[PDB]
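K.L.:
Turn this into a structure:
(one chain, ligands or ions: 1)
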Amino acid sequence: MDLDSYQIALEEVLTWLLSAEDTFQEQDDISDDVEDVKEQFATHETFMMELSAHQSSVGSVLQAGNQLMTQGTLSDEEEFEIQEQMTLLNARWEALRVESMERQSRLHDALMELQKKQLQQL
Ligand SMILES: [Mg+2]
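P.N.:
Residues are numbered from 1 along each chain as shown. Below you will find the coordinate block:
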């Protein structure tokens, strides 16, 4: 019942996370040209908006797993399954969050740098 609904919500999250990881992995290196950097930067900001919008769902699933585990109604096998799912979900969410943020910093700095290199050639 609450096991079932946790499992449906975990599948929704993980389906979306696997693809967001793949998309992240497939974004190209930061381009040396300011018009290409604009588009990479613009693409990644939209991605960061996507991450943010999914953050409560990740936390919501992690909270549901935690409640199922503390409440005591589940088998030992199911608990080992849930604990491993929560541990890995949390590590994947966090890896993607850190790497995406680093990517955002680099694109921000690249775009500001390339723009200002245009400006000082007035
Ligand atoms: Mg943002």
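K.L.:
Give me the next element, helix or strand, following whichever strand or helix holds residue 39.
P.N.:
When elements are assigned from DSSP states H and E, residue 39 belongs to helix 34-71. Tracing the chain past helix 34-71, the next element assigned as helix or strand by DSSP H and E is helix 76-119.
K.L.:
relative orientation of that following helix and helix 34-71 in degrees?
P.N.:
160 degrees (axes from the mean of the first three to the mean of the last three CA atoms, to 10 degrees).
K.L.:
Make residue 1 into 569 and carry on from there
P.N.:
Got it, the first residue is 569 from now on, which makes the last one we talked about helix 644-687.
K.L.:
For helix 644-687, name the packing helices and strands.
P.N.:
Here helix 644-687 touches helix 570-594, helix 602-639, going by 3 or more CB pairs under 8 Å, 6 or more residues apart in numbering; DSSP states H and E. For the C-beta atoms, the positions are set from N, CA and C on the backbone; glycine is no exception.
K.L.:
Buried residues, the longest one. List them.
P.N.:
Residues of helix 602-639 classed as buried: 602, 605, 608-609, 612, 615, 619, 622, 626, 629-630, 632-633, 636 (neighbour count, 16 or more other CB atoms under 10 Å).
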